[PDB]
Ligand SMILES: *[C@@H]1O[C@H](CO)[C@@H](O[C@@H]2O[C@H](CO)[C@@H](O)[C@H](O)[C@H]2NC(C)=O)[C@H](O)[C@H]1NC(C)=O
């Protein structure tokens, strides 16, 4: 084995020289370059101070402006304030434990931080897919007999949070396990370390393969069908300039949704499958470092692009900051 | 064909409902007249809804089928008289039987007075014996009398005075028309009247032959 | 508090829930319904399109409708004869009937007008015996210039036939009874899963303030004119240009603040006769620069460029143009994909994507 | 306007009189005049009517076949001729005006009611000739209830005629009295009775006089009442 | 044919007689009389009840004389009868066409009548034994729309219409009795005196006529407005006549003085009048605006005793109850709010 | 052309009938207005506030 383990820790680096010690006892500064992790704590500070005021103005448009209320903006405000909750708890936990220099909170703190961070990423995913099918059913009109209301909206929110308890139930009930990863200042999920007690590999690859495969093909076929629908609708009409302006807008905006979503989410699943498949070799720390905070950069990357789309909220925020 | 009105009495400022129901289908040709003694009929409502000129807002009315309803709200002390229901839909013209309205009085103890017959009318050959029970409400009352320990019928007569404006009560006369020879054929008379208006009766026996 | 009137209160709550169910079904069937407004200038164009879309019905298909026009024909009968007698009473000449008993029959029938029941033989006998006086027809001659429904004598002779029970009359009595103009006529028809409701204008007013502001909520507007109006006479004076007030109507609707975000659909009814008068007469009356080119085909193009560019700097709405077609089936297609397209635009602007 | 009756009076059985009501200021050609019977003690019955514009008229069922009516529209005077009178026909006759047609005069709203009413007059049927009154005095007993009322009154039998005028007890006594209405007895004529509310202690000092005052019969009867022990 | 111009000169002579007489009645200063009274002070009212259920605008509202039942008419095609004390429905009534511009309620409480652009006014019986609401009659004969119509009595009703005329109707014969002509402009509103003998008719010719019921002759003309007239309200004794207008101004006229008394406006008030109603005292003036604010006016001192608000959309209808304890309002916000 | 001089005749006749009309002085009319306004201002239900139990709405 490439390293040592105990009740809840694992280190990939060799202990053959006998220098490795418990993560919460002594500072582990030989493991990586000092200035790089200090500097990444500094851009964590830059990222939280960058990320908060758009959320605050989102709260201000939420409370102040009553004109913008609609059943889909319940889903959008759920994404926003939910993202506030996860970024505050989990990400200020990361900032404080990075400020002390090493792992101070103990096991329970990063259990709590672990299901908050992971549940935050997946409720972001479920919010995106319920938004996608909601837009599809609204604009495309699959069957004549339906009109939009509050019922499927609150079933979408409740559906999202029972998916959150579905993701939270194995690590909380005693059916799964949380450990530190990478630079051991955050506690996510495991890829290599083997536990004969539970043998959690089969259902974590269950949830991995399901939660990876379903939403992307849903988004692809639904957005493809609506884009083709708008295209042929433009093709039969042929006189209104506003129609081809509309197909241009939905074309650019939909393809940037696909490339932005693809680029931000897919490499974490890629390295998850390749690391889970190639178990014979142990890899350097950067492979254990980049997908975590790159996924956190995707987590702060979601509100700007998914809020900015509506010109109503753009006019309200520009009127708000200009006055 | 005829029609069947109703009658009721009430206190000051009380709503009163008078109903005139018809026998067959009749259009809205109906009028209500007030008749107090000493006055001509006054027209109040014509065609069962519309008010006549000069009548205040206290009066109202309605039509439902053949049922007609008269409504008097915020009653005045001067408005007490008979009200007649009128039909004018065919060349034949039917009048109603008429109603009455009386003022409710606080209950009080009535007085019965026995008057012995004077010797002047007895020696004049014809006389009337009257037992006056006065100062009483309601209007309805019946008097019974015995003659020589036997009740007779057909020889009795009655009279009714109008309401006193001060005492607010009634005085009713019952008068017997009997010959002098029946008084030699008469020994004992007793007047006893019982009705709902009096709470408790009193017993009375005083016979002629005491001076 | 009594229990029984409290149960009447909760009974009013559940009956109020039934009322709420009626509001739910009525509000959903209103909210899914496609509403479109109808305007126009020429009577022949609007009548041509609405009679073109008209599908044939039977007047007497239902006995309940038969009861309906029994009530309406009785209403025109009794209302007609009472209008005749009061019309005689409004004359300053002393025109009474020879038979004095018929005046008692006339007062009796003025009493008989008020009941809600069925018609009896005696009243029909009254109106026929009064009708047998030819001076009543002389009063039809005098009252010809007054407030009266002009078919009235036919209703009385007809009612002489109607006196026998268990009659059923044919269609022309019903259709003749609905020969009237005023009021806005609503139509309901179905083409390819969409339910349409049209609201026309009776032309009752030249000035539009209150009823034009109450037409605010509407999906689309159909405006129809005859382009041939420059050769058509609509004048009480020398100036016969109908297109001036027609463009005054189009500019009046387009410049009204209430209809700022709603589109316009525009039709040109007459084209063949128009082409023959293009050969017969040049369109020099309007503008010379309009009549720069002799050729007949592009003469239409100027009309749609004028009516198209009369928009006042607004690009949220666009004026759809169409041409006359031999068959109605082609016409409803343009309405169909037009309203489908504008609904798609509204949903796109509602989603916030466009 | 005013509707004034004329031609009335007190009638014997077998006689006949002409009833009349004068029209004042209104058009008589366009209206109808109505006569009703007010029975004593009961309500109103309608009997006859005159219609001017059509000429036909309607009668009550019990009365038709006896009366005939005529009218002159030029003099504004309508007449009623009454024949074959019976003893039950005593009633007060009111002149009443109902408009049948309201449009041929002027354009007006529909109406259903009696607009103008006369003051009426009494017509009776009686075989009782004019007779002076027979007045029988009363006196209070000595054996009575102290605090009650003494019967100072007079039984006035077999008097004529009615209506009666309001004058009692020689002017000095204007309040405190109850006088009884007359009822029909077996002899066919009316009788009077009265009692005065007098305190029992005042019988020694104050006396009262029955004055039977009837204007048309020229009857002034001073009847003397005397105290007796009874 | 030139004689019409001659009688126009004589008419103008009668007009200068009018200005001389109105000057002779204009000698006195009203400001002294209004100056001789104490002010009232600030008034604060609160919304105690609100009403729901409508999916469309509110174009009509009318009170009953029993001060319990309120009737409100929407343009989605339904009438619903309200209970104001307990917030309960009474009846729900569908009608043939969704075009409703007016409503009314019976003084006796037995009838309700509505109408609109379809030229046909319908009167409905509420006390029918079958347990529903039935169409009794359909009155027609006008050529335009009818803006407002209200009961004077249960046997005869008055309508105003878009053919610039007014008409008296009889229910039982279903035929008009008396018609009133003489306007050149459309009739916009109607109000009748509590004595029921006189009703005045406003128009768009910036004029007002005083009409009589029995004699059929317009007796006095009131002119001097610069814009259209929307609402009318009578003083409770019938001796004062108040007028609303389009230019955010309101005037009061007198029948016996034959001159305008006081004009109400403000520099910051630029939105027109949609409804006018008095109170039982006549001291207070209520008025609706287009800019969502109903100002409460002092009639004598011509100052605003308070300002009420809280609606989101334009107010359409305003009224007071007969007993004087409540003011009801209606708006395009599809909700009703009563002020106490 | 005769219709408008007929309307001119109706105009001048209704104005001549309008000429003989009583015209009350504005002082005593103002006294009437202030007298009713003080009377039922003292009987005003919306100027004199209502007790909470005397209010039917509560
Ligand atoms: C890695 O392995 C080394 C073996 O050298 C562990 O070091 C020993 O730790 C135990 C702890 O009780 C000591 O008793 C021994 O003396 C240590 N051996 C030495 C210093 O040569 C070290 O703990 C391991 N690291 C872990 C488990 O994290």
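Header says: electron microscopy, 4.5 Å.
Cβ from N, Cα, C; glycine included.
In the three-state DSSP scheme, residue C:47 (Mg(2+) binding site) falls into the helix class. Long-range C-beta contacts of residue C:47 (Mg(2+) binding site), restricted to its own chain and to partners at least six residues apart, with a cutoff below 8 Å, are absent. Positions annotated as Mg(2+) binding site by Swiss-Prot: C:47, C:181.
Annotated N-myristoyl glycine per Swiss-Prot: C:2, in sequence order. For the recorded site, residue C:2 (N-myristoyl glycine), the DSSP three-state label reads coil. Sequence-distant neighbours of residue C:2 (N-myristoyl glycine) (same chain, 6+ apart, CB under 8 A from its CB) do not exist here.
What Swiss-Prot records for C:3 is S-palmitoyl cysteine. Taking a C-beta cut-off of under 8 angstroms and a sequence separation of 6 or more, residue C:3 (S-palmitoyl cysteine) has no same-chain neighbours.
Using a 10 Å Cβ-Cβ cutoff, residue C:178 (ADP-ribosylarginine) registers 9 neighbours. Mapped onto three states, the DSSP output places residue C:178 (ADP-ribosylarginine) in coil. The ADP-ribosylarginine feature in Swiss-Prot is assigned to C:178.
Taken from Swiss-Prot, the feature deamidated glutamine applies to C:204. There are 17 other CB atoms within 10 A of the CB of residue C:204 (deamidated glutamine), with all protein chains counted.
Every protein chain shown contributes to the tally, and the Cβ of residue C:351 (ADP-ribosylcysteine) ends up with 17 other Cβ atoms within 10 Å. As annotated by Swiss-Prot, ADP-ribosylcysteine applies to C:351, with the evidence given as similarity to another entry.
Residues annotated as region 'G1 motif' in Swiss-Prot, with sequence analysis given as evidence: C:35-48.
Residues or ranges marked as region 'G2 motif' in Swiss-Prot (evidence: sequence analysis): C:173-181.
The region 'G4 motif' annotation in Swiss-Prot covers C:265-272.
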Reported as an integer number of Å, what is the Cα distance between residue C:204 (deamidated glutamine) and residue C:181 (Mg(2+) binding site)? 10
So what sits near residue C:181 (Mg(2+) binding site) in its own chain, CB-to-CB under 8 Å and at least six residues off in sequence? C:202
Residue C:351 (ADP-ribosylcysteine) sits from residue C:178 (ADP-ribosylarginine) (Cα to Cα, rounded, in Å) at a distance of 47
With CB distance below 8 Å as the criterion, list the recorded positions among C:3, C:181, C:204 that sit near chain E. C:204
Do the recorded positions C:2, C:178, C:204, C:351 include any whose Cβ comes within less than 8 Å of a Cβ in chain A, and which? C:351
Secondary-structure category, per DSSP, in which residue C:204 (deamidated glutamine) falls: coil
Counts of helix, strand and coil residues, the region 'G4 motif' (C:265-272), according to DSSP: 1 helix, 4 strand, 3 coil
